[PDB]
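Peer 1: Structure provided below as structure tokens; questions to follow.
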Amino acid sequence: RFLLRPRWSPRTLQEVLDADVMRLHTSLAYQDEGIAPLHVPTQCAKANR
Amino acid sequence: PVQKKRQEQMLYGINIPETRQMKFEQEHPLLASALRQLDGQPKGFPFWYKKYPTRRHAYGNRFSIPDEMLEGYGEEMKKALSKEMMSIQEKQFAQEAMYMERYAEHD
Amino acid sequence: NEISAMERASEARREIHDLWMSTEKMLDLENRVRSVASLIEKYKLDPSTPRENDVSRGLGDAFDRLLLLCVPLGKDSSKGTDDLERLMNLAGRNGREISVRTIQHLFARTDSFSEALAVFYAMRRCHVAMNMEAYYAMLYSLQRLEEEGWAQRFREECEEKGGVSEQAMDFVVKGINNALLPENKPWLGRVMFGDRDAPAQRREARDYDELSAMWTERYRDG
Amino acid sequence: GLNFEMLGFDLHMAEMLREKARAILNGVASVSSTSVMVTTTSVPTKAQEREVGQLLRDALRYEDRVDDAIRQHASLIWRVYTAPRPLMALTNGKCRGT
Amino acid sequence: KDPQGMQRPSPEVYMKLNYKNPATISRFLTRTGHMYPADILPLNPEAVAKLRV
Amino acid sequence: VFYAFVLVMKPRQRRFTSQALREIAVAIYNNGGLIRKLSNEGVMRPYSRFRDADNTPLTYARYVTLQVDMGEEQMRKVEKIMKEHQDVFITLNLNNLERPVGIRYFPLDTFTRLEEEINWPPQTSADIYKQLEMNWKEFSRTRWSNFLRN
Amino acid sequence: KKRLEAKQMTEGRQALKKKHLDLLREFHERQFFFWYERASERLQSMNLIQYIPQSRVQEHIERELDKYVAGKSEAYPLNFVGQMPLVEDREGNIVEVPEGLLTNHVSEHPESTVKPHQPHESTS
Amino acid sequence: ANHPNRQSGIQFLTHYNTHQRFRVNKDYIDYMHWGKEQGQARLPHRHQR
Amino acid sequence: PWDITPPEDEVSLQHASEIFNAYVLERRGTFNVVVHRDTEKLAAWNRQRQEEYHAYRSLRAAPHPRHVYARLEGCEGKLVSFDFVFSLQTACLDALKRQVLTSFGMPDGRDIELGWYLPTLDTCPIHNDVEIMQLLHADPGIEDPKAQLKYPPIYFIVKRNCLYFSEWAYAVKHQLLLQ
Amino acid sequence: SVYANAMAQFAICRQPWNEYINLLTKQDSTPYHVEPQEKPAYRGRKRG
Amino acid sequence: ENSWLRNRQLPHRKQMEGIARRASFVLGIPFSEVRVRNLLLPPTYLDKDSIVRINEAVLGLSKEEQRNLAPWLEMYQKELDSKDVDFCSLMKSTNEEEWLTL
Amino acid sequence: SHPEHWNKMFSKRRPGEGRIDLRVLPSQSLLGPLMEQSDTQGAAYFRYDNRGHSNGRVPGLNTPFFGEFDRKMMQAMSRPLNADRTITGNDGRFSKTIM
């Protein structure tokens, strides 16, 4: 009995779609989200140049 | 002669002028009404504190003993702490506070 | 023995929650004082009782509400404040220390300055070395008495004239003229940097009882 | 970690603007390809193009202001990692994600 | 430990150092009434004042 | 107190000592004053033979203690009646009672008190400790209940 | 522009000076509260100071000069210096003298009827 | 300094309204007793430095 | 509390200077000696106050029946409730701990510390019998009159020192189920 | 926090390092302790 | 305009309850349903957002009554200036600092 | 001080003379703690005192101290390397401390 639980979207674990969670295994598709990759170095160095 | 009259007005003991009383009335009418019903009686709560906004304004007696505190106590105690036994430093400082009371902006 | 006294106290505080959960038009200014004097003289809680043979040591959590069940003094006799003084004095002799959010409620139930001064003088005689929160809740009572005065006068006027007046509105907002412990300057009624504005209004029965119901339903799940 | 409060603020504002934008438009999804993102959603209305374009651009901007906090922090972990000289991170107390 | 004698006498001795108290006076004066000099019996200044008077 | 006055006096007749104090206290009350504790002591053999105008060194003196509340310059007035009285040998005059040396700020704490407790007397012991504890407890029990009479 | 920023900051500083003036008033009232408690306290204890008005001094003088009247079914009390004074009788007669002083007093007043002042024995 | 009352010297590192420690009308230094805790009876006490 | 109640004898109120003016002189045996004229009244009065004190500390030590609410400090929220007579003369606390374990559904030899839960949400562990004496003499209880109780309630937390694989399982299931 | 009840059951507080250090074994331990005597303090350029 | 003063404009909960209960008496409106609130308005001008939330939230005005009374609110597009956005976000001072901050 | 409070200049310096000034030392008399005892409580209970601590809310005296103690001044004497002062610096000679 949770006195206080947040309102997550997929209420409890079982409801979570499984053809969803396997998307986060897909590489970043800027067409989909609009997120460019990181490659944290060669962006740490030359991000301003 | 002004200053010798101001010596007899310092060694007879200055009494707190009634301006403070009347300003307390037309200023805090609720504390006055409480006092108005409580006049004479041995008081166990200070309904004059806002009337004496500071230690020094209570120059009408000794030791900053506000007038409306000594009711129930002995008349001899009221005589002890009245303007009659104020030390000479006490009386000079009494005049000082009274005047710094009526010439100051905020107390 | 004194365990029999505690068993008696069990019944006592039962029939005290009885008296306290009335919240009725059938419990008025004389009926409450009659019932409270009845319970005092029934359980012999007059301080004359010896150390043993006395109940109040186990009237836990109901003694204070009995103590404050009698605050509006019976406008019938001078035996109003004597029951409150006997109550408090038995509490002192036992040595239980009276909560400040209980004396705040003694005052938050007072009717007029006569009764407020009556409670304070009772506590004077009842060996309660005074705090500042005590003085402050006393002044808060002394102020709310006049707040309610002005609110009554302006209700009267609003009925008799039909609609709100300039003065009624500026009272409603700005509050009482030249208020001691003013509300628009909130840095003024703080003791230990917490707000002691509890006698701001009348605290009913459920006002006190909520202060403990949240406490306990907070206990049970926190 | 990242000031997740700030990331939540910027993200919520980006979505508040996406919503004040679609609370005007008939035809956000009037297109057929999917690489098209929120802004430059062409409208046959130029009293609505003129307002929704602004909202969608500011949405893109708050999303970048979140993208940037995350990239900055990754690059600062990497700053520490590839630091040439000795960097003794005297960890005196808790330290959330990053 | 306290050179100039700030801790001598004991607090009771003050209250018993009055004028009607030759008994507690004479326990800091020489057999002739002389004070023992400050280099010798280092007294507290308040004690010395109350004692001279 | 305002002032203490230890009046060593010549053991005259009880008509004369009484009359000295009759004129002394009447002088106080003619001088806007008060008296608290007019203690007396039977005769005692001082360390100094005191001499009146008769130049006689009298080695036995009856004692008076008189604590008072007066005006601080009526003090000067009455004292020069006292010292010039033909019967006192010496009056210890204490102004320091309001403000003794061990204090210092609250001013009543000493003004209320009497000499017998600003100046601990020689007689006392370690018993007046618990005695003053009981005196306070059983005064402060009703010190408020009693004031709230009137 | 600097005009506006300094105007602002100084209006605030004036406001804070007023706010302190008010918190200061409040603190002085709290002072007078804790000074009431302390001072009403020492003023009851002053109600006990038995003052001797002019009408009653002529009795208390006899009552106090009668503190050791040469005969009393109790023991007599000490002095402000706490000896047992030579317990006189009436109108100025040292008629009861303790033992620390009888030896010296009779040696110098050979012809006084002296008495060794016996304190009230605890035994009886 | 060989004048008496100038041995206190130049103390700029006091708090007083002067650097000439012998002109500070404030805290005349006891010379025989102090110094147990501060070096010399000149220097300020270790609770005022 | 032993000095609140008016005394058996009458303490003649007088100013404190009368204490010092009260010494009397006495001839014990053959030598003089000094005796406080009211040192015997003092002895009686102090006997009366020490008697009130011993009576009162005994009255505290007396058996004190109260209600007991013990909330298990831990995620598996269980509050148990039972009446319990507190004989305040370490025995009573150990009894309390065994009873708590029983109404809790645990063995009696469980490593259990108890802790006051103050009216202000502080918690203050207990180890003694005198400790609980003052716990009771201070915390009267906080209860709703709409909750009909018999005896004054009292509020403990139970801190368990052995927290098993089963309880760790409970807690991890709880926070996994939470987030 | 708001809802910590789950893992707050086994919280891992901090260890008594001050005590551990104070109760280590010291190469200067003494059966009966004595506070060392005062050192020479530079009394001036005249006094060394 | 004094950002040192915008911190002392919003009334304190002592005030928001003291207006509630004074109104519940005089205005006679029942206590449970008395809900005193604040509305801060930008300091030197008024953005369309603030006119929206004056009319809608404060007054009882629906679009066909506004479009009849204030027919220019359709053309109003004044918004908050970047130097001005932070007027509402007041600085929070604890209760031990009543002597330092405003 | 002996010259400030016990100026023996104007006498023979005979062991008893001297203008002993009792303005400085906290009295040792039982006079005080005896007479200035009150049936009420102390100001710390009366909650007499406004103003609390002068700096308002200090993390060691008013509110709880989180973190470590700094018995040096290694963070107090720290130079802002940022315009917003989110970083502060403290360099020795061969070391650099970035807080």
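Residues in the structure tokens are named by chain (A, B, ... in the order shown) and by number from 1 within that chain; ligands are numbered from 1 in the order shown.
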Give me, as a ChimeraX atom specification, the contact residues of chain C against chain K at a cut-off of 12 Å, counting only C-alpha atoms.
Peer 2: /C:144,146-159,162-165,167-176,181-202
Peer 1: Which residues in chain B does DSSP call alpha helix (DSSP H)? List them as a PDB file with N, CA, C and O atoms, in the first residue's frame.
Peer 2:
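Result written to out.pdb:
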ATOM      1  N   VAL B   2      14.911  81.281  32.900  1.00  0.00           N
ATOM      2  CA  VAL B   2      14.440  80.080  32.237  1.00  0.00           C
ATOM      3  C   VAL B   2      15.108  78.865  32.828  1.00  0.00           C
ATOM      4  O   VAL B   2      14.436  77.898  33.189  1.00  0.00           O
ATOM      5  N   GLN B   3      16.424  78.898  32.983  1.00  0.00           N
ATOM      6  CA  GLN B   3      17.130  77.698  33.396  1.00  0.00           C
ATOM      7  C   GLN B   3      16.972  77.429  34.886  1.00  0.00           C
ATOM      8  O   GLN B   3      16.990  76.271  35.304  1.00  0.00           O
ATOM      9  N   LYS B   4      16.759  78.454  35.701  1.00  0.00           N
ATOM     10  CA  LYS B   4      16.451  78.152  37.096  1.00  0.00           C
ATOM     11  C   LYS B   4      15.044  77.589  37.264  1.00  0.00           C
ATOM     12  O   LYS B   4      14.813  76.738  38.138  1.00  0.00           O
ATOM     13  N   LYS B   5      14.100  78.026  36.440  1.00  0.00           N
ATOM     14  CA  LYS B   5      12.800  77.371  36.406  1.00  0.00           C
ATOM     15  C   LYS B   5      12.927  75.947  35.876  1.00  0.00           C
ATOM     16  O   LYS B   5      12.185  75.056  36.287  1.00  0.00           O
ATOM     17  N   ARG B   6      13.871  75.717  34.972  1.00  0.00           N
ATOM     18  CA  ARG B   6      14.150  74.379  34.481  1.00  0.00           C
ATOM     19  C   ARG B   6      14.931  73.531  35.476  1.00  0.00           C
ATOM     20  O   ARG B   6      15.071  72.326  35.259  1.00  0.00           O
ATOM     21  N   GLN B   7      15.485  74.129  36.524  1.00  0.00           N
ATOM     22  CA  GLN B   7      16.003  73.365  37.659  1.00  0.00           C
ATOM     23  C   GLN B   7      14.907  73.001  38.648  1.00  0.00           C
ATOM     24  O   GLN B   7      14.901  71.902  39.206  1.00  0.00           O
ATOM     25  N   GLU B   8      13.998  73.930  38.907  1.00  0.00           N
ATOM     26  CA  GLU B   8      12.867  73.565  39.749  1.00  0.00           C
ATOM     27  C   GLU B   8      11.903  72.607  39.055  1.00  0.00           C
ATOM     28  O   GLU B   8      11.181  71.879  39.744  1.00  0.00           O
ATOM     29  N   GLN B   9      11.873  72.596  37.717  1.00  0.00           N
ATOM     30  CA  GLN B   9      11.125  71.624  36.927  1.00  0.00           C
ATOM     31  C   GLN B   9      11.912  70.348  36.690  1.00  0.00           C
ATOM     32  O   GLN B   9      11.472  69.488  35.929  1.00  0.00           O
ATOM     33  N   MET B  10      13.083  70.231  37.277  1.00  0.00           N
ATOM     34  CA  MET B  10      13.820  68.988  37.204  1.00  0.00           C
ATOM     35  C   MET B  10      13.939  68.344  38.583  1.00  0.00           C
ATOM     36  O   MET B  10      14.014  67.118  38.699  1.00  0.00           O
ATOM     37  N   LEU B  11      13.936  69.161  39.640  1.00  0.00           N
ATOM     38  CA  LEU B  11      14.101  68.626  40.988  1.00  0.00           C
ATOM     39  C   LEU B  11      12.777  68.496  41.723  1.00  0.00           C
ATOM     40  O   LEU B  11      12.753  68.049  42.873  1.00  0.00           O
ATOM     41  N   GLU B  18       0.012  64.302  29.904  1.00  0.00           N
ATOM     42  CA  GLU B  18      -1.158  63.550  29.473  1.00  0.00           C
ATOM     43  C   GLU B  18      -1.226  63.373  27.966  1.00  0.00           C
ATOM     44  O   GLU B  18      -2.153  62.718  27.477  1.00  0.00           O
ATOM     45  N   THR B  19      -0.297  63.958  27.214  1.00  0.00           N
ATOM     46  CA  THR B  19      -0.287  63.714  25.783  1.00  0.00           C
ATOM     47  C   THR B  19      -0.072  62.246  25.485  1.00  0.00           C
ATOM     48  O   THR B  19      -0.675  61.713  24.552  1.00  0.00           O
ATOM     49  N   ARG B  20       0.769  61.573  26.269  1.00  0.00           N
ATOM     50  CA  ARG B  20       0.966  60.155  26.027  1.00  0.00           C
ATOM     51  C   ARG B  20      -0.302  59.381  26.315  1.00  0.00           C
ATOM     52  O   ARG B  20      -0.667  58.482  25.556  1.00  0.00           O
ATOM     53  N   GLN B  21      -0.997  59.727  27.394  1.00  0.00           N
ATOM     54  CA  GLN B  21      -2.271  59.079  27.675  1.00  0.00           C
ATOM     55  C   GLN B  21      -3.236  59.247  26.515  1.00  0.00           C
ATOM     56  O   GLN B  21      -3.782  58.263  26.012  1.00  0.00           O
ATOM     57  N   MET B  22      -3.441  60.481  26.060  1.00  0.00           N
ATOM     58  CA  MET B  22      -4.469  60.713  25.052  1.00  0.00           C
ATOM     59  C   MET B  22      -4.074  60.124  23.701  1.00  0.00           C
ATOM     60  O   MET B  22      -4.938  59.658  22.945  1.00  0.00           O
ATOM     61  N   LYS B  23      -2.782  60.135  23.369  1.00  0.00           N
ATOM     62  CA  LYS B  23      -2.364  59.472  22.148  1.00  0.00           C
ATOM     63  C   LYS B  23      -2.528  57.971  22.262  1.00  0.00           C
ATOM     64  O   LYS B  23      -2.921  57.330  21.288  1.00  0.00           O
ATOM     65  N   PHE B  24      -2.286  57.400  23.437  1.00  0.00           N
ATOM     66  CA  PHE B  24      -2.552  55.986  23.617  1.00  0.00           C
ATOM     67  C   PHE B  24      -4.025  55.683  23.428  1.00  0.00           C
ATOM     68  O   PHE B  24      -4.374  54.675  22.813  1.00  0.00           O
ATOM     69  N   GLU B  25      -4.900  56.546  23.933  1.00  0.00           N
ATOM     70  CA  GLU B  25      -6.326  56.327  23.730  1.00  0.00           C
ATOM     71  C   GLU B  25      -6.682  56.387  22.255  1.00  0.00           C
ATOM     72  O   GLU B  25      -7.036  55.369  21.653  1.00  0.00           O
ATOM     73  N   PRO B  29      -7.162  52.117  20.935  1.00  0.00           N
ATOM     74  CA  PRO B  29      -8.368  52.161  21.758  1.00  0.00           C
ATOM     75  C   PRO B  29      -8.722  50.821  22.354  1.00  0.00           C
ATOM     76  O   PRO B  29      -9.504  50.778  23.307  1.00  0.00           O
ATOM     77  N   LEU B  30      -8.165  49.724  21.843  1.00  0.00           N
ATOM     78  CA  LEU B  30      -8.482  48.417  22.406  1.00  0.00           C
ATOM     79  C   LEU B  30      -7.684  48.119  23.664  1.00  0.00           C
ATOM     80  O   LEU B  30      -8.235  47.566  24.618  1.00  0.00           O
ATOM     81  N   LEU B  31      -6.402  48.463  23.690  1.00  0.00           N
ATOM     82  CA  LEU B  31      -5.661  48.348  24.930  1.00  0.00           C
ATOM     83  C   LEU B  31      -6.181  49.329  25.957  1.00  0.00           C
ATOM     84  O   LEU B  31      -6.217  49.016  27.149  1.00  0.00           O
ATOM     85  N   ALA B  32      -6.625  50.499  25.520  1.00  0.00           N
ATOM     86  CA  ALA B  32      -7.227  51.421  26.466  1.00  0.00           C
ATOM     87  C   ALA B  32      -8.547  50.903  27.007  1.00  0.00           C
ATOM     88  O   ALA B  32      -8.794  51.008  28.212  1.00  0.00           O
ATOM     89  N   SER B  33      -9.396  50.342  26.146  1.00  0.00           N
ATOM     90  CA  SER B  33     -10.650  49.774  26.615  1.00  0.00           C
ATOM     91  C   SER B  33     -10.402  48.655  27.611  1.00  0.00           C
ATOM     92  O   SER B  33     -11.079  48.573  28.637  1.00  0.00           O
ATOM     93  N   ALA B  34      -9.449  47.771  27.320  1.00  0.00           N
ATOM     94  CA  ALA B  34      -9.040  46.797  28.322  1.00  0.00           C
ATOM     95  C   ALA B  34      -8.659  47.476  29.621  1.00  0.00           C
ATOM     96  O   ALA B  34      -9.227  47.163  30.669  1.00  0.00           O
ATOM     97  N   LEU B  35      -7.737  48.429  29.577  1.00  0.00           N
ATOM     98  CA  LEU B  35      -7.479  49.214  30.773  1.00  0.00           C
ATOM     99  C   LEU B  35      -8.727  49.903  31.291  1.00  0.00           C
ATOM    100  O   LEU B  35      -8.909  49.974  32.510  1.00  0.00           O
ATOM    101  N   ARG B  36      -9.593  50.402  30.409  1.00  0.00           N
ATOM    102  CA  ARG B  36     -10.781  51.092  30.890  1.00  0.00           C
ATOM    103  C   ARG B  36     -11.642  50.201  31.763  1.00  0.00           C
ATOM    104  O   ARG B  36     -12.237  50.681  32.731  1.00  0.00           O
ATOM    105  N   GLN B  37     -11.725  48.915  31.443  1.00  0.00           N
ATOM    106  CA  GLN B  37     -12.482  48.019  32.308  1.00  0.00           C
ATOM    107  C   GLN B  37     -11.643  47.582  33.500  1.00  0.00           C
ATOM    108  O   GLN B  37     -12.186  47.237  34.554  1.00  0.00           O
ATOM    109  N   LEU B  38     -10.318  47.617  33.361  1.00  0.00           N
ATOM    110  CA  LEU B  38      -9.406  47.073  34.359  1.00  0.00           C
ATOM    111  C   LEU B  38      -8.858  48.125  35.310  1.00  0.00           C
ATOM    112  O   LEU B  38      -7.937  47.844  36.075  1.00  0.00           O
ATOM    113  N   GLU B  75       0.662  50.959  49.090  1.00  0.00           N
ATOM    114  CA  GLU B  75       0.851  52.393  48.949  1.00  0.00           C
ATOM    115  C   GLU B  75       2.257  52.804  49.336  1.00  0.00           C
ATOM    116  O   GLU B  75       2.804  53.731  48.741  1.00  0.00           O
ATOM    117  N   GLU B  76       2.865  52.123  50.302  1.00  0.00           N
ATOM    118  CA  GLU B  76       4.241  52.440  50.646  1.00  0.00           C
ATOM    119  C   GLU B  76       5.195  52.069  49.525  1.00  0.00           C
ATOM    120  O   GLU B  76       6.157  52.797  49.274  1.00  0.00           O
ATOM    121  N   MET B  77       4.935  50.973  48.816  1.00  0.00           N
ATOM    122  CA  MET B  77       5.748  50.645  47.648  1.00  0.00           C
ATOM    123  C   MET B  77       5.548  51.672  46.530  1.00  0.00           C
ATOM    124  O   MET B  77       6.511  52.088  45.865  1.00  0.00           O
ATOM    125  N   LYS B  78       4.299  52.079  46.304  1.00  0.00           N
ATOM    126  CA  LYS B  78       4.026  53.162  45.376  1.00  0.00           C
ATOM    127  C   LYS B  78       4.726  54.443  45.786  1.00  0.00           C
ATOM    128  O   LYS B  78       5.087  55.242  44.919  1.00  0.00           O
ATOM    129  N   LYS B  79       4.889  54.677  47.079  1.00  0.00           N
ATOM    130  CA  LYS B  79       5.649  55.830  47.521  1.00  0.00           C
ATOM    131  C   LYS B  79       7.130  55.646  47.276  1.00  0.00           C
ATOM    132  O   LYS B  79       7.814  56.601  46.894  1.00  0.00           O
ATOM    133  N   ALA B  80       7.621  54.428  47.469  1.00  0.00           N
ATOM    134  CA  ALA B  80       9.027  54.131  47.275  1.00  0.00           C
ATOM    135  C   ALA B  80       9.471  54.364  45.847  1.00  0.00           C
ATOM    136  O   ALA B  80      10.540  54.937  45.627  1.00  0.00           O
ATOM    137  N   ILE B  88      19.271  61.771  41.793  1.00  0.00           N
ATOM    138  CA  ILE B  88      19.464  62.967  40.990  1.00  0.00           C
ATOM    139  C   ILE B  88      19.869  62.602  39.568  1.00  0.00           C
ATOM    140  O   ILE B  88      19.405  63.226  38.604  1.00  0.00           O
ATOM    141  N   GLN B  89      20.724  61.591  39.401  1.00  0.00           N
ATOM    142  CA  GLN B  89      20.901  61.059  38.063  1.00  0.00           C
ATOM    143  C   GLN B  89      19.584  60.610  37.473  1.00  0.00           C
ATOM    144  O   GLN B  89      19.319  60.876  36.297  1.00  0.00           O
ATOM    145  N   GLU B  90      18.745  59.951  38.269  1.00  0.00           N
ATOM    146  CA  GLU B  90      17.448  59.525  37.769  1.00  0.00           C
ATOM    147  C   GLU B  90      16.649  60.700  37.242  1.00  0.00           C
ATOM    148  O   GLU B  90      16.082  60.612  36.156  1.00  0.00           O
ATOM    149  N   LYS B  91      16.601  61.804  37.982  1.00  0.00           N
ATOM    150  CA  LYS B  91      15.757  62.924  37.596  1.00  0.00           C
ATOM    151  C   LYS B  91      16.287  63.646  36.370  1.00  0.00           C
ATOM    152  O   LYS B  91      15.506  64.031  35.486  1.00  0.00           O
ATOM    153  N   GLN B  92      17.599  63.850  36.302  1.00  0.00           N
ATOM    154  CA  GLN B  92      18.171  64.423  35.094  1.00  0.00           C
ATOM    155  C   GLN B  92      17.856  63.559  33.880  1.00  0.00           C
ATOM    156  O   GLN B  92      17.381  64.062  32.855  1.00  0.00           O
ATOM    157  N   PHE B  93      18.106  62.254  33.980  1.00  0.00           N
ATOM    158  CA  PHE B  93      17.795  61.359  32.877  1.00  0.00           C
ATOM    159  C   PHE B  93      16.306  61.315  32.567  1.00  0.00           C
ATOM    160  O   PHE B  93      15.919  61.091  31.415  1.00  0.00           O
ATOM    161  N   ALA B  94      15.455  61.515  33.571  1.00  0.00           N
ATOM    162  CA  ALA B  94      14.019  61.572  33.330  1.00  0.00           C
ATOM    163  C   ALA B  94      13.666  62.750  32.441  1.00  0.00           C
ATOM    164  O   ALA B  94      12.969  62.590  31.431  1.00  0.00           O
ATOM    165  N   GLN B  95      14.115  63.953  32.816  1.00  0.00           N
ATOM    166  CA  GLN B  95      13.883  65.086  31.929  1.00  0.00           C
ATOM    167  C   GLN B  95      14.438  64.807  30.553  1.00  0.00           C
ATOM    168  O   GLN B  95      13.814  65.155  29.544  1.00  0.00           O
ATOM    169  N   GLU B  96      15.592  64.162  30.494  1.00  0.00           N
ATOM    170  CA  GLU B  96      16.199  63.915  29.202  1.00  0.00           C
ATOM    171  C   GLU B  96      15.301  63.070  28.321  1.00  0.00           C
ATOM    172  O   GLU B  96      15.092  63.391  27.148  1.00  0.00           O
ATOM    173  N   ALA B  97      14.776  61.984  28.858  1.00  0.00           N
ATOM    174  CA  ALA B  97      13.923  61.133  28.051  1.00  0.00           C
ATOM    175  C   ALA B  97      12.617  61.797  27.696  1.00  0.00           C
ATOM    176  O   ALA B  97      12.132  61.609  26.580  1.00  0.00           O
ATOM    177  N   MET B  98      12.044  62.577  28.607  1.00  0.00           N
ATOM    178  CA  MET B  98      10.800  63.266  28.287  1.00  0.00           C
ATOM    179  C   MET B  98      10.979  64.207  27.120  1.00  0.00           C
ATOM    180  O   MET B  98      10.127  64.263  26.232  1.00  0.00           O
ATOM    181  N   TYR B  99      12.087  64.939  27.093  1.00  0.00           N
ATOM    182  CA  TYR B  99      12.279  65.891  26.015  1.00  0.00           C
ATOM    183  C   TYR B  99      12.657  65.209  24.716  1.00  0.00           C
ATOM    184  O   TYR B  99      12.129  65.564  23.655  1.00  0.00           O
ATOM    185  N   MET B 100      13.570  64.250  24.764  1.00  0.00           N
ATOM    186  CA  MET B 100      13.858  63.433  23.600  1.00  0.00           C
ATOM    187  C   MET B 100      12.651  62.655  23.136  1.00  0.00           C
ATOM    188  O   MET B 100      12.715  61.990  22.101  1.00  0.00           O
ATOM    189  N   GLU B 101      11.591  62.647  23.932  1.00  0.00           N
ATOM    190  CA  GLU B 101      10.325  62.050  23.543  1.00  0.00           C
ATOM    191  C   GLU B 101       9.493  63.006  22.699  1.00  0.00           C
ATOM    192  O   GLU B 101       8.900  62.598  21.695  1.00  0.00           O
ATOM    193  N   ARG B 102       9.455  64.281  23.071  1.00  0.00           N
ATOM    194  CA  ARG B 102       8.589  65.216  22.384  1.00  0.00           C
ATOM    195  C   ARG B 102       9.280  65.969  21.270  1.00  0.00           C
ATOM    196  O   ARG B 102       8.617  66.750  20.585  1.00  0.00           O
TER     197      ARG B 102
END
Peer 1: What are the residues of chain B lining chain F at 7 Å or less? Count only C-alpha atoms, and put the answer as a tab-separated table (two decimals) with N, CA and C atoms, in the first residue's frame.
Peer 2:
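Output file out_35.tsv follows:
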chain	number	residue	atom	x	y	z
B	41	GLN	N	-7.31	47.71	39.32
B	41	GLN	CA	-7.26	46.35	39.81
B	41	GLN	C	-5.88	45.74	39.58
B	42	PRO	N	-5.44	44.85	40.47
B	42	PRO	CA	-4.11	44.25	40.34
B	42	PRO	C	-3.98	43.48	39.03
B	63	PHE	N	12.88	53.18	38.14
B	63	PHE	CA	13.26	51.90	37.55
B	63	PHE	C	12.46	51.54	36.32
B	72	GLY	N	-2.15	47.17	42.96
B	72	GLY	CA	-2.37	46.33	44.11
B	72	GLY	C	-1.31	46.40	45.17
B	80	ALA	N	7.62	54.43	47.47
B	80	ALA	CA	9.03	54.13	47.27
B	80	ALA	C	9.47	54.36	45.85
B	84	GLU	N	9.34	60.79	44.06
B	84	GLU	CA	9.84	61.43	45.27
B	84	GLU	C	11.20	60.91	45.68
B	85	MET	N	11.54	59.68	45.30
B	85	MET	CA	12.80	59.09	45.69
B	85	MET	C	13.74	58.91	44.51
B	86	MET	N	13.38	59.38	43.33
B	86	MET	CA	14.28	59.31	42.19
B	86	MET	C	15.62	59.93	42.55
B	87	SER	N	16.69	59.24	42.20
B	87	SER	CA	18.00	59.80	42.45
B	87	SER	C	18.18	61.04	41.58
Peer 1: Could you give me, as a list in words, the residues within 8 Å of residue 3 (chain L), counting only C-alpha atoms and dropping anything in the same chain fewer than 2 positions from it?
Peer 2: residues 28, 29 and 30 of chain H; 1, 5, 6, 7 and 8 of chain L
Peer 1: Please save N, CA and C atoms of the selected residues as a compact mmCIF listing (two decimals), in the first residue's frame.
Peer 2:
# COMPACT_ATOMS: atom_id res chain seq x y z
N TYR H 28 45.61 51.04 27.38
CA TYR H 28 46.95 51.18 27.92
C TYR H 28 47.39 49.81 28.40
N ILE H 29 48.57 49.40 28.01
CA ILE H 29 49.00 48.03 28.27
C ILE H 29 49.67 47.91 29.62
N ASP H 30 49.09 47.09 30.47
CA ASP H 30 49.78 46.58 31.63
C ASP H 30 51.03 45.87 31.16
N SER L 1 43.90 45.21 32.92
CA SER L 1 45.13 45.96 32.95
C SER L 1 45.33 46.50 34.35
N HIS L 5 42.82 49.81 35.24
CA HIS L 5 41.83 49.54 36.26
C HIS L 5 42.36 49.62 37.68
N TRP L 6 43.66 49.63 37.86
CA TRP L 6 44.24 49.69 39.19
C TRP L 6 45.37 50.69 39.22
N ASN L 7 45.11 51.90 38.75
CA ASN L 7 46.14 52.91 38.63
C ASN L 7 46.61 53.29 40.02
N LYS L 8 47.77 52.77 40.42
CA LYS L 8 48.31 53.02 41.75
C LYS L 8 49.12 54.29 41.80
Peer 1: Please find the residues of chain L near chain C - the criterion being any atom within 7 Å, counting only C-alpha atoms - and write them as a list in words.
Peer 2: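 Within 7 Å of chain C on chain L, we get residues 40, 41, 45, 46, 47 and 48 of chain L.
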Peer 1: Would you write out those residues with C-alpha atoms, as an mmCIF file, in the first residue's frame?
Peer 2:
data_model
loop_
_atom_site.group_PDB
_atom_site.id
_atom_site.type_symbol
_atom_site.label_atom_id
_atom_site.label_comp_id
_atom_site.auth_asym_id
_atom_site.auth_seq_id
_atom_site.Cartn_x
_atom_site.Cartn_y
_atom_site.Cartn_z
ATOM 1 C CA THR L 40 10.286 32.673 36.735
ATOM 2 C CA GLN L 41 12.555 31.092 34.192
ATOM 3 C CA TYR L 45 12.910 30.118 27.933
ATOM 4 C CA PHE L 46 10.940 33.347 27.959
ATOM 5 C CA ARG L 47 12.028 33.639 24.297
ATOM 6 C CA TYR L 48 12.811 37.237 25.085
#
